[PDB]
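Enquirer: This one's experimental. Sequence and coordinates below.
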Number of protein chains: 4
Amino acid sequence: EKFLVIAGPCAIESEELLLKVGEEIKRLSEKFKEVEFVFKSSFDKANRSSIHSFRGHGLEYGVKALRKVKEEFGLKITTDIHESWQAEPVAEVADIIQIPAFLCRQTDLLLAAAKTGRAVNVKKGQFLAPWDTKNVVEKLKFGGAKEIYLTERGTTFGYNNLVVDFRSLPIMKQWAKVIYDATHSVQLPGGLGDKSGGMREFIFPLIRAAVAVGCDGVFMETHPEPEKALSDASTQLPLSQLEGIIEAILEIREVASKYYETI
Amino acid sequence: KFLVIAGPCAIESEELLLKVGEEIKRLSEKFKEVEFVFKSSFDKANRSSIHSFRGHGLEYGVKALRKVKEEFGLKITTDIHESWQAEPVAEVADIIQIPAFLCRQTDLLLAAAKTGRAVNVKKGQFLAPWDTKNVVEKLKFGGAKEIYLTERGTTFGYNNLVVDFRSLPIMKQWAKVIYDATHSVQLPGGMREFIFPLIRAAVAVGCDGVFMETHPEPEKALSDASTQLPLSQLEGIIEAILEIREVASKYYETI
Amino acid sequence: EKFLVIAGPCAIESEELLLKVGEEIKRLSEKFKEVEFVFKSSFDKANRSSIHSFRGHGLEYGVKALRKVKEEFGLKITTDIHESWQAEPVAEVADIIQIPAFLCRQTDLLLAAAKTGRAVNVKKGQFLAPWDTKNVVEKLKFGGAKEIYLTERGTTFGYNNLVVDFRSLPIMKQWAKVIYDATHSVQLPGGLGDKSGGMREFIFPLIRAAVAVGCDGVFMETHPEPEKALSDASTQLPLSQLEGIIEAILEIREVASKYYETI
Amino acid sequence: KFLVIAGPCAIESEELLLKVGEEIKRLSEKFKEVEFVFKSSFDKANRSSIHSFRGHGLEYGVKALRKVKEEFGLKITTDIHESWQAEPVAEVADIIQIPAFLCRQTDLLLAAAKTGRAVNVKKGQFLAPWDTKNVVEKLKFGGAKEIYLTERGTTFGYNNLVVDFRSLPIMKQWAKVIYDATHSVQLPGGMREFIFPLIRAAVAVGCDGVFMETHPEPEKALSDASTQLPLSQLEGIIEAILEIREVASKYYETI
Ligand SMILES: [Zn+2]
Ligand SMILES: [Zn+2]
Ligand SMILES: [Zn+2]
Ligand SMILES: [Zn+2]
């Protein structure tokens, strides 16, 4: 099946930033024709550690910006919702509605997303065991979702640290397509001052592990200049490095593919 | 005074709340050194299964809780799950509770603080004790004056929670601390036998109050059936923690 | 039953240090007559993180020093062994033979201790679940041990951190007397540079929790001047604070005792 | 060359070692790009139960291993549990293995280093990746020249281990890194279905070798029966990791 690559700047810092990243993603989509690219960006960071951190410019602005990306580049779109009422307006532009990790058990949010008819991607909560995502998929199916994804983004491992238990990939594949979040998985929750920390040096090696184990897609946040990002400045991948990373995972996926176990 | 938040996990019926409210009212009259707060959820918005009991809705819930407050004169507390619910709930709830999974949702916290009511935040199973400082700050920014942080366990491997008692003195630096005696022993995805021993630990360490879900017939409860405390055992546990607190309080560290 | 208090300097820095601490422990044993005091000190720190850290002055010197303490003060003695051959010589002075946490599964070490006829205290490994200590007690009984203790000293919680799951106390009590290690439970494994870290501010509160939950004794390392200790300088309790801590736990134990559940 | 350490968990008999040694010898001739090392323990010194299989003793063990080395010309590796065992084991063992629970026992490490043989230390389930730097230093101080660190999982809650692949690049800073594919999926106090996928992960990330326990009839093994790899599946897995390594190696980060 076609491999999915969900990528984009963490937050919608401005419509200009989006178009700049979208342009590169469009270029890569023309090169890597065997990949289905989905542009991602959050119109709101509703769970920042600090009240002083950047959140966004509002739902209205964000949807408008994402719509511009889809219009100008013909790219599929995905963004996350935080309360049930946002599902309807967001579904107007989003091809895939994303459910935040902390909210993966909020029944009404899941139901709100499912009834839009759009695909739904649920970030696996840091508190959830792999086998407990079965009921998450069940809720979505109950709500009408026909295209469901589960995203591995790390599990709570002691304080301010996450570990990726790759056994989750084959387990979750039993009931949904699986995506590996290469950037949030290496972040150190509340690691820094009133902000999240992260170790970019592990992004690439862990993504290689994900494709070797076997997944249906990868999720990566990318920014022209990560150091200047308003969110996840420590983990967002430099846009110039995206091409090489994608090429590498396609190569590893190809050679490992014949060994992927049947679920 | 020492805070004791208790009541049935979910508002299974106005009838159930009244029966429990009566016992809590009696204990309230027997223990003047304690401030009792009646708790019950109008909606279990985060159940694991879509086929599990959620409740009868916000209106039916706020109505039943109002009946408890008016009939017994007890303070009330219930949890909210989305921002719009803060206002209507604040009509009856003296303390607005923020669910553990939602402790980082800025709009929910701000919505609760705006009501002018006290706010009790369940510490997420993914949060470190020191990470709660930011939670309190959000609430203060939102205008909250009476703020509580509730210890309810931390993710420890899969389908298990551990209570790191170091969290009590750490969180006390920025808020009043409550120990959730029933959810802390629950196995996500629990053991009633550990409820009492851990609550004894909490008061020996030092906290500002305890949270306990209680039900007349726990095994018949529509939620947390394996962990809700039988109503008849509530008095004994309260007396026990008051006695332990009386002796141990001499050693509670300053700030 | 008589409450057990195992205390002493972490390592046998010198025979003089031992006698100084022993003198205070003897004084407290005369005051707290309802407590059974056991003097503890390691003749060897065989598991230091760094090859450059203090280990000790040898088994011969240590046993001689411990014997002096028992002779001069009439105090019971306990020390830990690291290899089977040490059980015999150590049993000549030790009333309780201690089994290190990392070695709680080494069958021959356990058997070596059991056949000496002495009491055996096993530190629960940081990797062991409470219910898995049942087989540890089984091995000891198989080897002839008639007086067995299991010591709670924390469990691996993420990297360089330990958490105390107090549910372990009532669980382990099902098959052995339980001791709470108040000082090692708050140490941060490899936290510092080539050494262990620790948070002394949590020693007292956690010990209060242990007695409130219910245990058969407490283990505390104490030193005249912790800051100068050659091992566990961050967690050893100042000797001057021992009296107050013991008084406090006896008071909390008394008031909580009527509520201790029957196993 | 890439290292592949394989063999039956325990020396159940000289007979068993020979049968496994034959297959490993064959693979050794088929894969010249790989250095095979035959492994088997003469004693399971840390079994959970006193009634479980330990072995036939050190002498019988060193004897059987010597037979494998002489008959097939394969390098040998076995683990030691107490200092005195280093010398006699070094007579046949090319690489002396240090058990995970004993990775901090200074005298065992020094005893192994003194033999002049290579030393492979299983990373304790309680150790952080960076904590292994000190382990290597002890060995260097003891005179060790060829040093390996083996990833075999980290304590994750109770009766479960997780493999934090970040450990591979971290440990590589001070030693050659080996990934233990069979013990990493074991549930202390395991799932064979996860052995292959995680070994693929290990080579994609980048390691210097893999460790795998294999047995003709795993379900009949006297130890690690639930995790030992069936002998017949060994060739396929090796070919697979060589292919993945060939492609992925282009991206292994420097130092
Ligand atoms: Zn992000
Ligand atoms: Zn409940
Ligand atoms: Zn010590
Ligand atoms: Zn094995």
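Expert: Looks like it arrived, so ask away. Numbering: from 1, shown residues only, chains lettered A, B, ... in the order given. Ligands and ions are numbered 1, 2, ... in the order given.
Enquirer: got a list of what the closest residue to chain D within the stretch 1-150 of chain A touches?
Expert: Distances from the stretch 1-150 of chain A to chain D, computed as C-beta to the nearest C-beta, single out residue A:129 as the nearest residue at 9.6 Å. In this view, the C-beta of every residue, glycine as well, is placed from N, C-alpha and C. Residues in contact with residue A:129, defined by C-beta atoms under 8 Å, 6 or more residues apart in numbering or on different chains, are B:158-159, B:188-189.
Enquirer: from those, which two are the most distant?
Expert: For those, with distances taken as C-beta to C-beta, the pair at the greatest spread is B:158 and B:188 (8.5 Å).
Enquirer: now the residue of the stretch 1-150 of chain A closest to chain D, nearest residue through space, not along the chain?
Expert: Of all residues beyond its chain neighbours, the one nearest residue A:129 is residue B:158 (3.6 Å), with distances taken as C-beta to C-beta, 6 or more residues apart in numbering or on different chains.
Enquirer: So which residues of chain A form strands?
Expert: A:3-8, A:35-40, A:76-80, A:96-99, A:119-123, A:148-152, A:155-156, A:162-163, A:177-181, A:187-188, A:197-198, A:217-223, A:237-238 (DSSP state E).
Enquirer: would you list those strands in JSON lines and tack on mean neighbour count?
Expert: What follows is these, written out as JSON lines (neighbours: other C-beta atoms under 10 Å in any protein chain shown):
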{"stretch": "strand A:3-8", "mean neighbour count": "24"}
{"stretch": "strand A:35-40", "mean neighbour count": "22"}
{"stretch": "strand A:76-80", "mean neighbour count": "24"}
{"stretch": "strand A:96-99", "mean neighbour count": "25"}
{"stretch": "strand A:119-123", "mean neighbour count": "26"}
{"stretch": "strand A:148-152", "mean neighbour count": "26"}
{"stretch": "strand A:155-156", "mean neighbour count": "24"}
{"stretch": "strand A:162-163", "mean neighbour count": "21"}
{"stretch": "strand A:177-181", "mean neighbour count": "25"}
{"stretch": "strand A:187-188", "mean neighbour count": "20"}
{"stretch": "strand A:197-198", "mean neighbour count": "20"}
{"stretch": "strand A:217-223", "mean neighbour count": "25"}
{"stretch": "strand A:237-238", "mean neighbour count": "17"}
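Enquirer: Out of the ones you listed, which is closest to ligand 2?
Expert: With C-beta to the ion as the measure, strand A:155-156 is the member of the strands of chain A nearest ligand 2 (20.8 Å).
Enquirer: Partner strands of the closest one and their direction?
Expert: With DSSP bridges as the criterion, the sheet partners recorded for strand A:155-156 are strand A:162-163 (antiparallel).
Enquirer: ok, and what's touching the partner strand?
Expert: Contact partners of strand A:162-163, identified using C-beta under 8 Å, 6+ apart, comprise A:126, A:153-157, A:185-189, D:154, D:156, D:162, D:164.
Enquirer: How about stretch A:98-105?
Expert: In this structure, residues lying in contact with stretch A:98-105 by C-beta under 8 Å, 6+ apart are A:40, A:46-47, A:78-82, A:106, A:109-110, A:113, A:120-126, A:128, A:133, A:136, A:153, A:184, B:46-48, B:101-102, B:104-105, B:124, B:126.
Enquirer: redo that, cut-off 7 Å
Expert: Residues external to stretch A:98-105 that are found in contact with it (C-beta atoms under 7 Å, 6 or more residues apart in numbering or on different chains): A:47, A:78-80, A:82, A:109-110, A:113, A:120-126, A:128, A:136, A:153, B:46, B:101, B:104.
Enquirer: Give me the distance between that stretch and the centre of its chain.
Expert: Chain-centre distance of stretch A:98-105: 11 Å, with C-alpha atoms, centre = their mean, to the nearest Å.
Enquirer: and that stretch, is it in reach of ligand 1?
Expert: No - judged by C-beta under 5 Å from the ion, stretch A:98-105 makes no contact with ligand 1; its nearest approach is 10.4 Å.
Enquirer: re the thing from before, can you put the strands of chain A in TSV and add distance to ligand 3?
Expert: Supplementary listing: the strands of chain A in TSV, determined by distance: least, C-beta to the ion, whole Å:
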stretch	distance to ligand 3
strand A:3-8	50
strand A:35-40	50
strand A:76-80	48
strand A:96-99	47
strand A:119-123	42
strand A:148-152	40
strand A:155-156	29
strand A:162-163	29
strand A:177-181	41
strand A:187-188	30
strand A:197-198	31
strand A:217-223	45
strand A:237-238	45
